[PDB]
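Residue numbers (PDB author numbering), protein chains in the order written: chain A, 1 to 174; chain B, 1 to 174; chain C, 1 to 174; chain D, 1 to 174.
Number of protein chains: 4
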Amino acid sequence: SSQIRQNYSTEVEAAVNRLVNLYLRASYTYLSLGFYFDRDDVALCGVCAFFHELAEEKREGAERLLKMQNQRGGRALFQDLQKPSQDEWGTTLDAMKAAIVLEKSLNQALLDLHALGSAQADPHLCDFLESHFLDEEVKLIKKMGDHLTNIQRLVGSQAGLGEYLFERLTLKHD
Amino acid sequence: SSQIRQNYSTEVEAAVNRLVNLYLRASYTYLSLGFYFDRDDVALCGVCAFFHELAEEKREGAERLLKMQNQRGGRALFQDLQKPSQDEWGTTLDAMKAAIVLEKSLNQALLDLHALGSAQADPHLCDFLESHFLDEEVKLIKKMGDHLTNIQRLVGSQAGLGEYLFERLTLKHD
Amino acid sequence: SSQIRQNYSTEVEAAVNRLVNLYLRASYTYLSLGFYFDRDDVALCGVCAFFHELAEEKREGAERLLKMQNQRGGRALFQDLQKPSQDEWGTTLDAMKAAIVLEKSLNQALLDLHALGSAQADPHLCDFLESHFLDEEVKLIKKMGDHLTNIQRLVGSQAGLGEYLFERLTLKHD
Amino acid sequence: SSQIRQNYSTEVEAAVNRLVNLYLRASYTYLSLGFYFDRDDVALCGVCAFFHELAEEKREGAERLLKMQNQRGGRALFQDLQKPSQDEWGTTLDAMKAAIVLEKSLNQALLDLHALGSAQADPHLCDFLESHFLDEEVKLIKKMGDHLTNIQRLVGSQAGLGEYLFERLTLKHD
Numbered sequence: 001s002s003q004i005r006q007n008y009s010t011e012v013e014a015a016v017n018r019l020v021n022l023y024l025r026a027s028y029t030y031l032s033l034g035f036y037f038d039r040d041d042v043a044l045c046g047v048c049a050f051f052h053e054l055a056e057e058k059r060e061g062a063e064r065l066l067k068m069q070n071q072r073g074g075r076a077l078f079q080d081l082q083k084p085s086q087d088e089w090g091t092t093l094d095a096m097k098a099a100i101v102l103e104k105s106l107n108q109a110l111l112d113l114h115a116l117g118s119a120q121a122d123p124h125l126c127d128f129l130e131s132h133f134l135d136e137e138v139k140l141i142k143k144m145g146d147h148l149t150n151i152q153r154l155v156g157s158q159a160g161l162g163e164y165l166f167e168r169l170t171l172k173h174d
Numbered sequence: 001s002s003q004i005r006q007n008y009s010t011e012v013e014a015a016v017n018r019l020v021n022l023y024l025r026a027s028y029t030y031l032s033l034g035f036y037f038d039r040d041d042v043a044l045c046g047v048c049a050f051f052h053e054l055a056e057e058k059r060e061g062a063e064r065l066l067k068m069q070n071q072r073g074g075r076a077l078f079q080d081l082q083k084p085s086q087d088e089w090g091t092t093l094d095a096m097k098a099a100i101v102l103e104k105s106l107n108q109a110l111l112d113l114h115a116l117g118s119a120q121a122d123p124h125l126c127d128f129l130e131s132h133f134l135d136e137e138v139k140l141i142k143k144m145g146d147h148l149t150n151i152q153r154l155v156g157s158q159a160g161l162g163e164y165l166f167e168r169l170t171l172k173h174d
Numbered sequence: 001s002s003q004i005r006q007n008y009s010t011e012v013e014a015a016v017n018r019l020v021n022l023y024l025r026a027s028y029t030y031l032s033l034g035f036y037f038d039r040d041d042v043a044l045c046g047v048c049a050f051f052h053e054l055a056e057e058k059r060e061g062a063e064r065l066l067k068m069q070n071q072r073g074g075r076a077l078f079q080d081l082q083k084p085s086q087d088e089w090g091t092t093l094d095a096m097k098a099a100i101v102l103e104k105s106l107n108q109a110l111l112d113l114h115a116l117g118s119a120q121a122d123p124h125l126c127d128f129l130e131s132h133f134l135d136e137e138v139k140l141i142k143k144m145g146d147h148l149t150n151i152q153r154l155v156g157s158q159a160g161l162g163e164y165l166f167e168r169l170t171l172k173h174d
Numbered sequence: 001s002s003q004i005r006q007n008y009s010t011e012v013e014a015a016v017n018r019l020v021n022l023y024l025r026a027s028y029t030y031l032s033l034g035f036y037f038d039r040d041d042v043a044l045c046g047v048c049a050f051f052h053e054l055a056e057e058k059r060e061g062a063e064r065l066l067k068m069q070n071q072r073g074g075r076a077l078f079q080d081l082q083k084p085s086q087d088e089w090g091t092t093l094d095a096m097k098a099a100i101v102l103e104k105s106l107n108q109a110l111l112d113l114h115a116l117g118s119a120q121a122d123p124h125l126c127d128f129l130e131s132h133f134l135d136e137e138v139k140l141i142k143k144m145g146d147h148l149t150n151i152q153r154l155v156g157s158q159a160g161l162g163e164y165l166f167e168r169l170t171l172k173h174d
């Protein structure tokens with residue numbers, strides 16, 4: 001039961017639960033991505049750190065959605081979390097490409113939810129999705145696009161060299 | 001007269017003045033609630049503090065609306081402030097129930113105003129109502145719902161004991 | 001491929017991957033437990049904090065296992081994460097009971113893995129499971145047993161009162 | 001003579017003396033490796049530092065074994081220290097390969113000693129080999145595997161360039 005629910009549709013409640021699953025799935029994918037790059041036969045620690053930071057960010061996003069669900073008087077419903085799409089992630093390039101399509105899928109889900117909020121005349125939802133989701137996604141996707149371009153320019157005739165240099169000179173180890 | 005008014009409908013201007021009255025009425029209700037709990041035959045100081053903090057918050061909300069009214073070139077119009085609905089507020093439970101229906105009424109007025117802003121294509125109004133009103137209301141109503149649940153669980157067979165314990169152990173005296 | 005694997009059986013590698021899944025499942029269960037206690041109709045924040053701390057601890061345990069998997073030259077394999085066993089978790093008592101059987105199941109899995117390590121003459125595994133798993137589990141289960149006893153003694157004739165008092169006076173809000 | 005020896009087999013005592021010789025041999029090999037990379041016609045100072053740090057670590061390991069030998073009432077017996085297997089160590093790649101097989105040999109000797117300790121029911125030996133030997137070896141071998149992978153990816157079509165870059169950008173000069 002709830003004593004607080006107001007202007008919060010069952011459709012939005014369900015969509016928020018689905019978005020939680022998507023964010024948690026993404027976090028799980030990033031956990032796998034990071035550990036792949038820590039394999040002794042891959043050994044690109046800047047890439048491990050990049051994806052593990054994202055694993056944390058996506059988990060935090062899910063947690064924020066869940067906090068909001070409760071703030072509105074909706075009820076969290078958890079579903080199975082499917083395993084990531086790959087067990088091995090190829091090159092840094094392959095991985096960054098997979099990451100961008102993952103992020104575009106999260107972004108599309110955010111846009112779909114915002115559209116639902118608009119259709120349901122739910123401005124609090126609209127306010128909520130603003131900063132900590134929509135702008136963050138745009139910033140992240142831009143960063144990934146920038147990375148992709150730099151990785152691509154580094155392939156040239158010596159892919160191993162370029163992959164090392166990108167991990168050393170772009171990716172942070174702070 | 002105004003030299004600054006732009007995209008600010010008479011409908012929104014009037015609705016903002018009505019919302020100011022609602023916020024000031026709410027502040028007045030909270031002033032009364034707090035003083036009731038400071039009666040020597042009631043004597044629940046944590047409850048006095050809780051409602052008096054809300055009296056301040058609601059006054060500040062009215063003041064923010066009035067500042068915005070002037071920023072947009074609308075004109076503040078004040079009406080009589082009706083006295084609160086009760087002179088005596090019963091138990092902490094009764095009072096928290098009254099507070100939640102008060103807040104739900106303010107929240108509904110905010111939603112109605114946002115809908116009017118949307119109909120009038122007034123995005124500045126929409127931006128304004130966002131943080132310092134819509135999210136604040138959702139957070140407050142959640143807090144009150146939490147309080148209600150705790151008060152309710154404390155009634156049991158010994159209502160006096162539960163009322164004391166809630167005021168001592170949940171409500172802040174900082 | 002690996003250039004580092006030494007004295008690391010396929011059986012242990014597989015068991016470590018299964019243990020990662022168990023820890024991540026446990027983390028997910030604790031995420032759900034915590035959010036249930038943050039429902040406005042439950043509203044026991046000390047209980048939310050207790051279970052969310054455990055969600056973090058279990059995730060960290062999985063991460064440590066995965067780091068070790070790579071240190072030994074084994075390969076992380078992720079499986080679907082099943083949803084928690086319940087959507088609603090009842091009273092704090094019910095929840096603490098569920099938590100203890102969860103922990104006992106993790107502990108048994110640790111013991112089974114240690115036994116496998118012994119059978120495979122793998123002392124590094126045995127060293128690894130020592131502090132950050134075996135002793136931590138024993139300490140945690142003792143804490144949960146202590147909590148259960150205190151919750152049980154607080155039921156008496158007034159369960160609501162006891163549940164409130166335990167959350168206020170035992171569970172930390174730091 | 002000893003007045004303290006308890007549960008300390010002659011077999012373990014002898015094995016500890018042999019392990020001391022192995023650690024000291026390894027230290028000597030690392031001393032040679034480091035100085036080779038400081039030749040004016042090799043001149044890779046990050047590689048000198050890497051191997052000289054290991055020379056110190058291996059000497060310290062021998063010293064710890066010797067301290068333990070005395071703590072248990074065994075008697076240190078020193079043997080000749082054979083010269084390292086090479087006078088010239090080739091490329092950084094060749095050297096890192098030689099280092100990994102050296103470490104794997106030390107690790108195998110540790111495992112053999114732990115197995116002997118188990119057979120002799122000598123848990124203090126087992127406790128001793130744990131942190132400062134077994135876990136350290138696993139961590140070191142993982143680091144060397146990571147290095148090897150990075151060196152290998154840097155060979156490409158320009159081996160000189162890759163060797164320089166690895167020494168500049170991976171190996172520490174702190």
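Note that the Cβ used here is the ideal one computed from N, Cα and C, for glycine as well.
Secondary structure of residue i, DSSP reduced to three states
| i | result |
| --- | --- |
| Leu81 (chain A) | strand |
| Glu137 (chain B) | helix |
| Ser2 (chain D) | coil |
| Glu103 (chain D) | helix |
| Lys172 (chain C) | coil |
| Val42 (chain A) | coil |
| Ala98 (chain D) | helix |
| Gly156 (chain B) | coil |
| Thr92 (chain D) | helix |
| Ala109 (chain B) | helix |
| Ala76 (chain A) | coil |
| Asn7 (chain A) | coil |
| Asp87 (chain A) | coil |
Contacts around residue i, its chain only, beta-carbon distance under 6 angstroms, and the 5 residues preceding and following it disregarded
| i | result |
| --- | --- |
| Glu163 (chain C) | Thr92 |
| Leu31 (chain A) | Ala55 |
| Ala98 (chain C) | none |
| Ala15 (chain D) | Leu113 and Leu116 |
| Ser118 (chain D) | none |
| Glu13 (chain B) | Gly74 |
Extent of the continuous alpha helix (DSSP H) run through residue i
| i | result |
| --- | --- |
| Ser27 (chain C) | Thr10 to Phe37 |
| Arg59 (chain C) | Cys45 to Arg72 |
| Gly162 (chain B) | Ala159 to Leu169 |
| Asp127 (chain B) | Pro123 to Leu129 |
Cβ neighbours of residue i in the same chain (closer than 8 angstroms, five flanking residues each side left out)
| i | result |
| --- | --- |
| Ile151 (chain A) | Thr92, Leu93, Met96, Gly162, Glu163 and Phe166 |
| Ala43 (chain A) | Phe37 |
| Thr170 (chain C) | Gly46, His147 and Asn150 |
| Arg59 (chain B) | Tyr23, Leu24 and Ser27 |
| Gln69 (chain B) | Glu13, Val16, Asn17, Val20, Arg75 and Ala76 |
CB of residue i within 9 angstroms of CB of residue j, strictly
| i | j | result |
| --- | --- | --- |
| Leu125 (chain C) | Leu106 (chain C) | no |
| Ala62 (chain A) | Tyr8 (chain A) | no |
| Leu81 (chain C) | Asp80 (chain A) | yes |
| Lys83 (chain C) | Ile141 (chain C) | no |
| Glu130 (chain D) | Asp127 (chain C) | yes |
| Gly73 (chain B) | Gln6 (chain B) | yes |
| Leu65 (chain B) | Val20 (chain B) | yes |
| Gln3 (chain A) | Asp40 (chain C) | yes |
| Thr29 (chain B) | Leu102 (chain B) | yes |
| residue 197 (chain C) | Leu154 (chain B) | Missing from the structure shown is residue 197 (chain C); chain C here goes from 1 to 174 and no further. |
Nonlocal neighbours in the same chain, by C-beta distance under 7 angstroms from residue i, ignoring five residues either side
| i | result |
| --- | --- |
| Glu11 (chain B) | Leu116 and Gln120 |
| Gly34 (chain A) | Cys48, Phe51, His52 and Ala55 |
| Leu77 (chain B) | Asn17 |
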